[PDB]
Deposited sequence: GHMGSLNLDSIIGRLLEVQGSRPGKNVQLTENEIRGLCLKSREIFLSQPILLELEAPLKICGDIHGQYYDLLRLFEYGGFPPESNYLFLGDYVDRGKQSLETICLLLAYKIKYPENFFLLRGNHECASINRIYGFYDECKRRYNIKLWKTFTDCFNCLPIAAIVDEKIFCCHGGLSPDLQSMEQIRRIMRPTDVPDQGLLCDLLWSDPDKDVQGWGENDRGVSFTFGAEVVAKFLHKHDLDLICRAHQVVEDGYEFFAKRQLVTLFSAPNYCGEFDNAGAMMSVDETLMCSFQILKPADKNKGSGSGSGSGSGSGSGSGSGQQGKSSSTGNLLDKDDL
């Protein structure tokens, strides 16, 4: 037995408690969430074809009490339909509660609740950026390996109403046809280069003509003309992506041809950003709902990289 309704109730009940209160799930409850969600992910396409109405959310990074506030604002499932763009775990206090609630909702509402893969939903990244350590502290490394199997089956992109292309990171010089995404077979890791890497890692840059180097040391940057040509070729209206902290929680690029969403306010207690979600109605009107907080020594970057283990 999955014990699904009990799990959800226990995850939600801490909303009236002090921030940071953990939820006491059993190892076998969490394993069941991983295994059943994994089955559902594999049963649905790797390139999701979704319809509005939908609420689209960016990075969460273990900020569980902000996730609860986001659901309170948007409507707890199944009151609204959701698409999340990845980066559920790492670099926050409560990755486990965060991912467990998201997986539980995927199982409970499989046609109304969707999760894409971010670059933190892979073993090499979440081994070091916090999730492995959180798993080890509360459970064991085997549970982290079970999460990895689940993450290796997440879908990679979505298209909403044939007009909004969604992914965590961005475009790729290797993305010529949507069929190239559809042909990717799961379970899979995220490579250090290539199409799947770029979908989870690339960033827009207004000062790049074409494709450029990325300050992260992985993947690419891309300019506004790349966005415009991609939308024209594929008859799309918007790229919706996440992966960068932005002050209002949402930020446009390329004369509103791309938007970045970031859903973790006051990211890791070090940045003063808001977190946002984008609501898409059945008329394809997109609107924003924001949760806003009240030399070489300069503050560090908020971005992650893929090369921290290099010798």
| property | result |
| --- | --- |
| In sequence order, the deposited-sequence ranges that have no modelled C-alpha atom | 1-4, 299-318, 336-338 |
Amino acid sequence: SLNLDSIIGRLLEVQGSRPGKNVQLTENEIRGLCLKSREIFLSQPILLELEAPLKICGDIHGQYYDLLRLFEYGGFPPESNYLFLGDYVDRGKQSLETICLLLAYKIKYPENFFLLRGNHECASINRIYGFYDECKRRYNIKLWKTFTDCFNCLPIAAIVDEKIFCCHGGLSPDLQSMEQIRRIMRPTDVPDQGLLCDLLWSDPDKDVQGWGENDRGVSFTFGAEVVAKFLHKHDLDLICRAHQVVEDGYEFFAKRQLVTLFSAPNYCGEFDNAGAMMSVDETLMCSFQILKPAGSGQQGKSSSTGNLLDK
From here on, numbers count along this sequence of modelled residues.
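What we label the rigid core is the largest C-alpha set whose atoms superpose within 1.5 Å from one form to the other.
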query	finding
Larger mean CA deviation from the shown form in 6 other deposited structures of this protein [core fit; 266-274 vs 55-63]	266-274
Greater mean Cα temperature factor according to the PDB record, 177-185 or 144-152	177-185
Of 232-240 and 78-86, the one with larger mean CA B-factor	232-240
Chain-relative CA temperature factor third for residue 98	lowest
Assigned third (lowest, middle, highest) for the C-alpha B factor of residue 137	middle
Third of the chain's Cα B-factor distribution that residue 130 belongs to, per the entry	lowest
Third of the chain's Cα B-factor distribution that residue 124 belongs to, per the entry	lowest
Ranked C-alpha temperature factor of residue 226 among modelled chain residues, by third	highest
